[PDB]
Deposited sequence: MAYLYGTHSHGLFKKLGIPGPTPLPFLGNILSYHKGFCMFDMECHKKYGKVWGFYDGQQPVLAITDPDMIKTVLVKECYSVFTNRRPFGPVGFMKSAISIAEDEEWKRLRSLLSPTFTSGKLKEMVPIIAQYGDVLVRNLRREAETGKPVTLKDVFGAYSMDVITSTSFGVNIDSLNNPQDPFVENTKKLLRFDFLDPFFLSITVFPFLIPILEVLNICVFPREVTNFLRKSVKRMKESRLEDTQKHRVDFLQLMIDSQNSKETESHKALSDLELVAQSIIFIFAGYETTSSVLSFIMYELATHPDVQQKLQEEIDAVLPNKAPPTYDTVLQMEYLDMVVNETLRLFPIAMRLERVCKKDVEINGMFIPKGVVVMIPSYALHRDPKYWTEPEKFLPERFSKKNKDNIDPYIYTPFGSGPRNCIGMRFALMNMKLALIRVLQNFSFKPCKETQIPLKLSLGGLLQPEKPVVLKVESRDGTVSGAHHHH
């Protein structure tokens, strides 16, 4: 299989037997994508073990894959690995099963359901503030991912299950047992030995820990709006499949939001003029520290620009991927069946062809003047098409609500322990090498 791109005339790094190009992931696959783009141009191919992967960067071709030919050709992501019952999670499911799950779970994220959650998640924005004042009087720098993770977990639990637990002063199975998720050498052996995935499945081995899953399974059992929207009810949902969607939302609510929130606060700390301008917008829109509402959040243009520019620099998804279901010929190029088509979001977000000074944090990229010159298929922090991020609206609103409440009360500065410039971890996930610590001063 390692002669595919050579026969297609498609350039790429020469693969090694068995391993493919996975050894070039020593720099992390975000640096691999950037170097491959620089060296091979618009399109290139490489191998994850034996799996051929075709990387595309042309906006026309990206839109054809993500949007135009989603249902007919590019329906599914690359198979997850040994999952067990998590095969029914929406982000893992394939074909008509995903179509049903996407249709059944879409009502959860409507702007009507979104407006209902804002009074619920503003109560934790005040607990988050009080928790911040505790360490603000301490005088020593704060670890943001701890307090933001507690906030994000509190928000996702109550909005999903209606359970209200202050995480910082306590909460274990969730959060404390949701974090885990290591960069094991097991995942590397999965791509080198993908033929072993059916072995681990029959041994009831899964990447998820069996004790937390059975906790949620029995947690939702004694639980007898997202939890309501599935219960009150294509085809009706199942009990064990009920739990699968909860794990995704919990992980997406906790891990994603709190990681991006820490990146934003880092950028605000290292750019005080941006922090001051954002604080001035918040005080103008919400005079006298008025509580943020659904409609006031949507009125803050500079807040939207700061969130967007941070998601440009740190697209936590790093890559978009779709499995080619059949032989196709897109935009003048032929894709054989079984090839994983990959869009390197991280490299595209930092490409000098579309971004001026791409490494610099400049929110004015997303101003109403310059936003029209931004291609929606180069800048894809939430993906695109029918399989984009279903919680995009919730994530943006959840992050902005936390940012407003936090900046109304505090200003953030670098401390002696702050890593400047921030160094990204090379172990897969888009996270800082050192945890982000910042000085917090009450306004």
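Student: From the N-terminus onward, what segments of the deposited sequence lack any C-alpha atom in this model?
Tutor: Counting from residue 1, the stretches without coordinates are 1-8, 179-183, 238-249, 259-266, 477-487.
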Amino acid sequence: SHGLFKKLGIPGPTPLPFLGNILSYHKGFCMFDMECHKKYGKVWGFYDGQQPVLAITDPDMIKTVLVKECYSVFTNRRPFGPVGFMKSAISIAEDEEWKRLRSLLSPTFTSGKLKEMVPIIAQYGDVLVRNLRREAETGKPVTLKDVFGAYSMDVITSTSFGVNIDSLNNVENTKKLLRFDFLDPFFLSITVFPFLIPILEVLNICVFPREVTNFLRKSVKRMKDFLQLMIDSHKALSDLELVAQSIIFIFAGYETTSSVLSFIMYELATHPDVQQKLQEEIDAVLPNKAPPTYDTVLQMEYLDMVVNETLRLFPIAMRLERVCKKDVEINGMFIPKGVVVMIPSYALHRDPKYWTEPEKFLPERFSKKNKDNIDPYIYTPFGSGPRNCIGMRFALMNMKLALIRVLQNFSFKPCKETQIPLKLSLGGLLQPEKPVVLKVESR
From here on, numbers count along this sequence of modelled residues.
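So that the term is clear: the rigid core is the largest set of C-alpha atoms that superpose within 1.5 Å between two forms.
Student: Using RMS Cα distance over all structures and residues, flag whichever of 206-214 and 257-265 lies farther from this form in 9 other deposited structures of this protein after a core fit.
Tutor: This comes out as 206-214, the stretch further from the shown form in 9 other deposited structures of this protein.
Student: Once the rigid core is matched, which of the two stretches, 239-247 or 284-292, lies farther off on average in 9 other deposited structures of this protein by C-alpha?
Tutor: Stretch with the larger root mean square C-alpha distance in 9 other deposited structures of this protein: 239-247.
Student: Please report whether at least a third of the other compared entries leave residue 179 without coordinates.
Tutor: Yes; at least one third of the other entries leave residue 179 out.
Student: Within the set of other compared PDB entries, does residue 222 lack a model in a third or more?
Tutor: In none of the comparable entries (those modelling both sides of it) is residue 222 left without coordinates.
Student: Pick between 271-279 and 323-331: the one whose mean CA B-factor in the entry is higher.
Tutor: Between 271-279 and 323-331, it is 323-331.
Student: Higher mean Cα B-factor in the deposited model: 284-292 or 213-221?
Tutor: Comparing 284-292 with 213-221, the higher average CA B-factor belongs to 213-221.
Student: Return the residue from 364, 359, 304, 146 that has the highest Cα B-factor in the entry.
Tutor: If I rank 364, 359, 304, 146 by C-alpha B-factor, first place goes to 146.
Student: Checking the record values for 350, 337, 134, 78, which has the greatest CA B factor?
Tutor: Out of 350, 337, 134, 78, the record gives the largest C-alpha B-factor to 134.
Student: Of the three thirds of its chain by CA temperature factor, lowest, middle or highest, which one includes residue 153?
Tutor: Middle third, going by the recorded CA B-factors of the chain.
Student: Where does residue 435 sit by CA temperature factor within its chain: lowest, middle or highest third?
Tutor: For residue 435, the deposited C-alpha B-factor lands in the middle third.
Student: Divide the modelled residues of the chain into thirds by Cα B-factor and specify which third, lowest, middle or highest, holds residue 164.
Tutor: According to the entry, residue 164 has a C-alpha B-factor in the chain's highest third.
Student: Splitting the chain's C-alpha B-factors into thirds, which one does residue 70 fall into?
Tutor: For residue 70, the deposited C-alpha B-factor lands in the middle third.
Student: With respect to C-alpha B-factor, does residue 409 fall in the lowest, middle or highest third of the chain as deposited?
Tutor: It falls in the middle third of the chain.
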